[PDB]
Participant: 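Before I ask anything, let me first share the structure, which is written out below as structure tokens.
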Amino acid sequence: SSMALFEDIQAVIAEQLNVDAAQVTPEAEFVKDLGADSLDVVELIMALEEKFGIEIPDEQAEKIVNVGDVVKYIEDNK
Amino acid sequence: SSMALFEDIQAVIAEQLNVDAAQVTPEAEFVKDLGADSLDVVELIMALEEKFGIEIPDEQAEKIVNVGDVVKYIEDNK
Amino acid sequence: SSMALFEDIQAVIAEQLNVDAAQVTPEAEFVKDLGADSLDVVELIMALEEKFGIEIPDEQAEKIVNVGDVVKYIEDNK
Amino acid sequence: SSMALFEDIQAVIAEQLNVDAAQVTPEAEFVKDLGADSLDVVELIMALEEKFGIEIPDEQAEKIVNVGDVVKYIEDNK
Amino acid sequence: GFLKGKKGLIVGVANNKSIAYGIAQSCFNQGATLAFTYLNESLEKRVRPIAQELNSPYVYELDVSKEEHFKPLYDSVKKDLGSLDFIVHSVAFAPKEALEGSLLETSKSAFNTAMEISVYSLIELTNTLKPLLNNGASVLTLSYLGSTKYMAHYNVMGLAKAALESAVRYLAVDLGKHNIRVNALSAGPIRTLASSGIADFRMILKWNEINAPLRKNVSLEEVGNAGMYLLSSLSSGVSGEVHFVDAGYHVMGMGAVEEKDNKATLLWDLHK
Amino acid sequence: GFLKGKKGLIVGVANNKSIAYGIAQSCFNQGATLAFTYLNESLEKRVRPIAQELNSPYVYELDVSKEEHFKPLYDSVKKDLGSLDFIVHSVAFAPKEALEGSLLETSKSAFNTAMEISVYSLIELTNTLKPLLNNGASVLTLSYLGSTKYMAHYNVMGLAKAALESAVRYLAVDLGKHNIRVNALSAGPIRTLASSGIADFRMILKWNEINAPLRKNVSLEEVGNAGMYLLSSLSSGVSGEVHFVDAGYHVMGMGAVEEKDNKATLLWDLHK
Amino acid sequence: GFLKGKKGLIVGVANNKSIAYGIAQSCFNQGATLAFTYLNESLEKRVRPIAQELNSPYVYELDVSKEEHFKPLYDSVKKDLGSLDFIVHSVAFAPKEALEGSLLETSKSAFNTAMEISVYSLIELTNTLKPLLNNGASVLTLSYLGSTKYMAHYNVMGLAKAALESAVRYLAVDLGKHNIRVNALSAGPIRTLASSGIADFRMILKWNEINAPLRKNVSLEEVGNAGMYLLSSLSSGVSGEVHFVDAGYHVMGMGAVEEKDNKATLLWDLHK
Amino acid sequence: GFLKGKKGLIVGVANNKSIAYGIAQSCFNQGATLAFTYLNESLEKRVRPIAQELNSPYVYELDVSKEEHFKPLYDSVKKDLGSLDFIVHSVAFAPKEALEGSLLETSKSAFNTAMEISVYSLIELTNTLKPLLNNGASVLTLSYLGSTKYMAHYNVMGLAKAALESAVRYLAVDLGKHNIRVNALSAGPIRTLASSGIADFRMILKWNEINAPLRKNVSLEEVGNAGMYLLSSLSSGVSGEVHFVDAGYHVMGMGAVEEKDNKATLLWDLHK
Ligand SMILES: NC(=O)c1ccc[n+]([C@@H]2O[C@H](COP(=O)([O-])OP(=O)(O)OC[C@H]3O[C@@H](n4cnc5c(N)ncnc54)[C@H](O)[C@@H]3O)[C@@H](O)[C@H]2O)c1
Ligand SMILES: NC(=O)c1ccc[n+]([C@@H]2O[C@H](COP(=O)([O-])OP(=O)(O)OC[C@H]3O[C@@H](n4cnc5c(N)ncnc54)[C@H](O)[C@@H]3O)[C@@H](O)[C@H]2O)c1
Ligand SMILES: NC(=O)c1ccc[n+]([C@@H]2O[C@H](COP(=O)([O-])OP(=O)(O)OC[C@H]3O[C@@H](n4cnc5c(N)ncnc54)[C@H](O)[C@@H]3O)[C@@H](O)[C@H]2O)c1
Ligand SMILES: NC(=O)c1ccc[n+]([C@@H]2O[C@H](COP(=O)([O-])OP(=O)(O)OC[C@H]3O[C@@H](n4cnc5c(N)ncnc54)[C@H](O)[C@@H]3O)[C@@H](O)[C@H]2O)c1
């Protein structure tokens, strides 16, 4: 992962879930490790695609589970 | 009750519920003694008001229970 | 005509057509003598029926031509 | 012009305007020489595009005036 | 005969005053092979003789609230008919208490009953029988002006008919790509056995008769002919439509008038 | 035959692709005694042979902009037929320039032509022939979805059809008390001789075919059968109605979709 | 103030009971710079004082049947205002004879007058003033339920309002790509100076009052506030809309009822 | 400020993209005393801060599927506010599986959930709070064009919105005699948190943007201002209305076109 990209995605996830950046690591998962319900995630997804002008399709949206997934996805499509 | 009126009402009730006229007596009741469901009665009521040009209002319709009721009602309103 | 009624109707006609009360006499006619178009009259009629709670029907409305007509009409119907 | 194409277009024009094939020559014009109103032409145009599966656009439709035009057009687009 | 050789399932006959019967009868006069369903044994007594009269041995049980009735109905139709060219969904229900007073009073359970019985059953019936429909098949349901305009005491059943007309639109899209049509016939008020469940139906019927353009209530035959039309290939360009058979009543924005050279008067104000 | 012995006047045949012809032909197959009118001599050439084919000697001149043609048309019908059971008003016109570009560009004279020819002629024709109508008579006009929804370049003709549908409602009231019915058939786009006057009709026709529930354009036969229905006693409870015969297209609030398990796609986006 | 600094042209003030006045007054209370037009000198007498009261020196001549008045009106607005943010088209006319009796009786010339004055003038006025409209401009016209439902004696004016509502849809498309909005406000009956030209308006007004959901006629202020809304940026997502300001009357499919524990009764049947 | 001193209960805020929030915010800018409800504790986290921002301590629990929540909500409003001048019902739900594929696939339980949550809750909420409503109170719900036209995959939620709009009509009658108004705001598609539950919402949003008269999607502010209007005394003559706030999209009967002097082209066909 590109470090500038990860850090910028990390700030979004941090602010969105009101966690500390420190807890936002590539392995972390929104439901399990980050305390996100079905709304938090959907809100977070929109924040990301709105930020990055791209759009995560719904089929690709489900298959996301961890910070790495959203990062590796966004880097491949920005 | 007027005998011509009763006999004419009796034929209607007979045909409607496919019972013998003999079983249609003023005391008889459509649900209990005549084997009529909620449809039989409603169908029978329409047959009567259609026959007699009058209309049994719905409030008066419920309060009917026995052959005498429909007969005494119809005689008072025809 | 009742003098209280005439004077009260006269004030309405005066104000409505912005003429002097003096020119509002029972013989006067709205089109000829009072300088009223088709609007002035219709506006004036509504002012009258609104004032008097009555309603000049349209058939009776046409047949009016002079101050006396509206006065004699209103007195008969108030 | 391809002779098979011309002859086949000529039969259509013939039948459509109920003229003899002989009068249908490349120089002939539908309004002047062939006696066609605004309907005849529009009907004839549809007959042609329906026959040939192509569609004469309306802009190209106006610019047609003579048998040669429809023939040279159809050959270029079939 | 415009339905000669065409197979159709009539759902909702209660007696010979049922809208379903009028439709079934009109289709019969056009040569249709009919099959019928009945709610329970109390209703089998009435369906099966009428079916007989319309020359039909095919009489099946269908209570649309019993999920378990639908697979048997499918099997019966496949056994006895093999395929269907049309389906008549002529069925609705709401508890007495909901068809009177206000909408605000309605219970959640009355709501759910009105919606399940009157709307969802079109989905489950059409989904169940979809594999057996022939090319050009035609699905018909029955609605009422109370869906898009206020009608007295129609309350939760107006809500159901609004959904029902919306279901017709979506089903027409779903099924149209398989060349199947779906329509609603919106009848005017007509004295039937279920329509007695509506508070002061009689006054609604009168208001319609006085104020409809044609100054008549619709006849059972008129609804049946309109239905037959929508079921038949005559209407093979019609889908997603809500077809008013109401003596023209839907056009009225107000009571009808009539003039005595003097005023105008409401027609209603002449008889009493 | 559902119009056996019934007399009807067909107004608007131009050729055998005219909507009026489809209707006339469907009524013929139902046993109707037809009579026809023609705009001028250029059109008499086309009407009178088609009339012949539908077994009719009654062919009269009617340019609806000529007030003086209507009394003769009345006299002709009284002489030759004596009475009418139905009338088909299948007529509209607007100058080319108005059926393209914007509504804002429209000339007052184009406006007046579209309104007189396309709407007012229903009034003058029905008023003229009203004394000759039999009990149960049925008056039919032809409309288009462009009346209540925006359709490309339909412009002043949308205004005319909106009025026309409103005229149907008022005429249904006027005539219903004499037990006469008045309806509009709202056809989907169909390749006719006048419809070529609409800018990029072809694309409107395609958009309809792709996006209609039934994924087809309507056939001339389908409009004729629907018309026949509305003219016939089958629809004797139908008045004031705007009856869509458009392959279901009116229900669509958006382009049709189809799914590839992945996204949804507009059907339009598949062919190009 | 929601129209502070916004320039608008009010067409149709006749007196302080005119719908146009209510709208103009509501816009004034929201800070609008108004300009007004008048039919002729008889009407200039009434417009110019009311304009004064709403703080306006801009009073121009516009008889919409005079093609030659429109270029001067353009020049006047450009001189005195330079640009417009909204336009109120509050204008209609039909000869007395047409607003009574039947539609069948209507003369071609009455028809043409109703259509030109009541519908086409929106086209010519909006086309004329289109170059002067600012970003976000809002064009408002006035309609009536008689357009899509039958109302007593409304006759040719129903035809005009149907076209008018259709014009709103097409104009909304034409002008929307330039970020200009076009709407109709469909008022309930309200006692105005032109509304006295309708046969038995009074009874239509009563029928509305008794049978509207809110059991009241609408007030001139209520129409003006609704209009102001549609003219203001508050409604900047609203276009092509027909907005009912009628005490809810449009929802009624029948006379209102009220129950005495016994029967139901028409409200109409209580007062007489 | 048009709601100064007026008390209102906002039901349905999820975050600051919720339609309910836009409405609440517009009402705040007009001086309203607001109170809010939340589905559960997961949603209380989001409502209670937003309420704070709109200057509100009144934050109550309401899961509309819990009959037992309504009496407490009544008591809370009576304690803290005493009376209400308006209510915003901005709430709908359906399981994911129903907002995709066909209507035919829909489960009875998905149907019942969509109807209970999205329609019946307006009845129970308005019935519960009816004793606390002031003179002139205004009840607002939220609908979508999918109610009366087909929209892709909207399926059972179209059925719910059709019923919902019908409920608005009946409730407007029920409540209008107590001088209470009931309306629906029919928003265009807008990216919200629940709207992500619709299959290919994004494409519906694009189709709207390209093809709406105003060539834009509606903004959250535009829905809020329209809502505020309907809640405020500005609309005190408006009841039973379905008010489109959709950039004009409802008027389109087909894709938008644009001309290159040559053909016409669908706008959709320009970007890809
Ligand atoms: N005025 C009218 O009579 C009128 C007007 C317009 C529309 N409709 C509609 O016409 C349709 C038929 O009604 P009708 O007036 O002919 O009354 P009806 O009583 O003749 O028909 C009603 C049918 O619904 C059946 N039904 C009820 N619940 C059922 C269930 N759970 N499972 C299977 N069947 C069930 C009844 O048994 C009966 O067969 C309904 O949709 C009704 O709403 C009636
Ligand atoms: N897509 C369509 O073709 C379509 C769709 C819906 C509705 N319509 C309507 O169907 C009706 C018939 O049109 P069509 O498509 O069959 O076209 P068409 O050309 O076959 O019929 C038009 C008829 O109008 C006649 N006409 C025109 N002006 C006349 C006049 N002044 N006096 C007498 N007759 C006159 C024409 O001569 C012709 O007979 C019209 O109302 C049309 O608007 C057409
Ligand atoms: N019940 C109602 O009053 C009611 C209800 C709904 C809609 N409307 C519509 O509201 C609009 C205004 O009518 P109103 O009721 O306020 O009546 P009004 O008399 O106050 O307004 C009518 C205006 O039209 C103007 N006008 C007529 N012909 C004109 C012309 N040729 N050129 C320029 N101006 C002309 C009149 O002079 C007057 O200014 C009309 O569209 C009317 O149809 C009225
Ligand atoms: N495109 C759109 O977003 C759009 C367009 C038109 C209409 N609408 C309608 O607007 C309204 C609000 O939706 P939104 O788009 O703002 O989405 P949203 O997610 O912001 O609002 C939905 C609200 O419904 C609440 N809710 C769901 N189930 C509930 C329950 N059982 N009890 C209490 N609350 C419950 C949700 O928690 C949330 O607060 C709905 O009626 C929706 O159908 C939305």
Side-chain angles (χ1 to χ4, degrees), chain F residues 11-15 17-21 37-39 43 62-65 89-93 117-118 121 141-144 157 161 164 185-195 198 201 205, chain G residues 11-15 17-21 37-39 43 62-65 89-93 117-118 121 141-144 157 161 164 186-195 198 201 205, chain H residues 11-15 17-21 37-39 43 62-65 89-93 117-118 121 141-144 157 161 164 185-195 198 201 205:
Chain F
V11 183
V13 180
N15 67 8
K17 301 297 177 62
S18 291
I19 292 184
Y21 173 72
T37 81
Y38 57 83
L39 171 50
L43 271 298
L62 185 70
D63 178 345
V64 301
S65 58
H89 170 263
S90 186
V91 161
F93 182 90
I117 301 303
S118 306
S121 67
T141 192
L142 268 295
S143 183
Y144 185 56
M157 191 56 65
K161 294 314 201 179
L164 183 72
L185 192 174
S186 179
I190 179 167
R191 180 135 56 63
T192 72
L193 197 62
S195 82
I198 293 163
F201 179 78
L205 193 66
Chain G
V11 183
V13 180
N15 67 8
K17 301 297 177 62
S18 291
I19 292 184
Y21 173 72
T37 81
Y38 57 83
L39 171 50
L43 271 298
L62 185 70
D63 178 345
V64 301
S65 58
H89 170 263
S90 186
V91 161
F93 182 90
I117 301 303
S118 306
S121 67
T141 192
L142 268 295
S143 183
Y144 185 56
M157 191 56 65
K161 294 314 201 179
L164 183 72
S186 179
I190 179 167
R191 180 135 56 63
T192 72
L193 197 62
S195 82
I198 293 163
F201 179 78
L205 193 66
Chain H
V11 183
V13 180
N15 67 8
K17 301 297 177 62
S18 291
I19 292 184
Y21 173 72
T37 81
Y38 57 83
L39 171 50
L43 271 298
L62 185 70
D63 178 345
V64 301
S65 58
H89 170 263
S90 186
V91 161
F93 182 90
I117 301 303
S118 306
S121 67
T141 192
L142 268 295
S143 183
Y144 185 56
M157 191 56 65
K161 294 314 201 179
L164 183 72
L185 192 174
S186 179
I190 179 167
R191 180 135 56 63
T192 72
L193 197 62
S195 82
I198 293 163
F201 179 78
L205 193 66

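Ligands are counted one by one from 1 in listed order, and the atoms in each one are counted from 1 as well. What you see below is based on every heavy atom in this structure, not just the backbone, and it leaves out hydrogens, waters and symmetry mates. Order of the sequence lines fixes the chain letters, A, B, ..., with proteins taken first and strands second; residue numbering starts at 1 for each chain.
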Participant: May I ask which of G:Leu142, G:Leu164, G:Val13, G:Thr141 has a heavy atom nearer to atom 10 (O) of ligand 3 than the others do?
Facilitator: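 Of the listed residues, G:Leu142 has the closest heavy atom.
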Participant: At a 4.0 Å threshold, what atoms of ligand 2 neighbour a non-hydrogen atom of F:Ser195?
Facilitator: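 Here the atoms of ligand 2 in question are 3 (O).
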Participant: Looking at non-hydrogen atoms alone, which of F:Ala92, F:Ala14, F:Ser18 comes nearest to atom 40 (C) of ligand 2?
Facilitator: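 Nearest heavy atom to atom 40 (C) of ligand 2 lies in F:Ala92.
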Participant: Which ligand 3 atoms, with their elements, are less than 4.0 angstrom from a heavy-atom of G:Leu62?
Facilitator: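 Close to G:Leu62: 32 (N), 33 (C).
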Participant: Can you find an N or O of F:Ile190 that's nearer than 3.5 Å to an N or O of ligand 2?
Facilitator: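 Between F:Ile190 and ligand 2 (N or O atoms, distance only) the closest approach is under 3.5 Å.
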Participant: Going by distance only, is there an N or O of H:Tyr144 that falls short of 3.5 Å from an N or O of ligand 4?
Facilitator: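 Looking only at distances, the answer is no, because the N/O contact criterion of under 3.5 Å is not met.
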Participant: Note the single closest protein heavy atom to atom 12 (C) of ligand 4, along with its residue, its atom name and the distance in Å.
Facilitator: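 Minimum-distance protein heavy atom for atom 12 (C) of ligand 4 reads H:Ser90 OG, 3.1 Å.
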Participant: For atom 43 (O) of ligand 3, which protein heavy atom lies nearest, and how many Å away is it?
Facilitator: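 The protein heavy atom lying closest is G:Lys161 NZ, 3.1 Å.
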Participant: Mark up the atoms of ligand 2 that fall under 4.0 Å of a heavy atom belonging to F:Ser143, in ascending order.
Facilitator: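 Every atom of ligand 2 under 4.0 Å from some heavy atom of F:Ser143: 6 (C), 7 (C).
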Participant: Pick, from F:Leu43, F:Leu205, F:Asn15, F:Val91, the option with the minimum heavy-atom distance to atom 25 (C) of ligand 2.
Facilitator: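 Minimum heavy-atom distance to atom 25 (C) of ligand 2 goes to F:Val91.
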Participant: F:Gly12 and F:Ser18: which non-hydrogen atoms are nearest, and at how many Å?
Facilitator: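 Residues F:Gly12 and F:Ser18, closest heavy atoms: O-OG, 3.9 Å.
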Participant: Looking only at distances, can you tell me whether any N or O atom of H:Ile19, backbone or side chain, sits closer than 3.5 Å to an N or O atom of ligand 4?
Facilitator: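 Yes, there is a polar N/O contact under 3.5 Å.
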Participant: Any protein heavy-atom neighbour for atom 36 (C) of ligand 4 (distance below 4.0 angstrom)?
Facilitator: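 No, there is none.
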Participant: Find all atoms of ligand 2 within a distance of less than 4.0 Å from any non-hydrogen atom belonging to F:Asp63, and give their numbers and elements.
Facilitator: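 Answer for ligand 2: 30 (C), 31 (N), 32 (N).
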Participant: Right, does atom 7 (C) of ligand 3 have protein non-hydrogen atoms nearer than 4.0 Å?
Facilitator: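 Looking at atom 7 (C) of ligand 3, one finds that a protein heavy atom does lie closer than 4.0 Å.
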Participant: So is H:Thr192 polar-close to ligand 4, meaning N/O to N/O under 3.5 Å?
Facilitator: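 Yes: some nitrogen or oxygen of H:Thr192 is under 3.5 Å from one in ligand 4.
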Participant: Any atoms of ligand 3 less than 4.0 Å from a non-hydrogen atom of G:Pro189? List them with their elements.
Facilitator: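 With G:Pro189 as reference, the close atoms of ligand 3 come out as 1 (N).
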Participant: Would you check whether H:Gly12 has a nitrogen or oxygen atom less than 3.5 angstrom from a nitrogen or oxygen atom of ligand 4?
Facilitator: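 Min N/O separation from ligand 4 is below 3.5 Å for H:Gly12.
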Participant: Could you say whether the N/O atoms of F:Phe201 and ligand 2 ever approach to under 3.5 Å?
Facilitator: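 Looking only at distances, the answer is no, because the N/O contact criterion of under 3.5 Å is not met.
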Participant: For ligand 4 and H:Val64, I'd like to know whether there is a polar contact (N/O to N/O, distance under 3.5 Å).
Facilitator: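 Yes; the residue has a nitrogen or oxygen that sits under 3.5 Å from a nitrogen or oxygen of the ligand.
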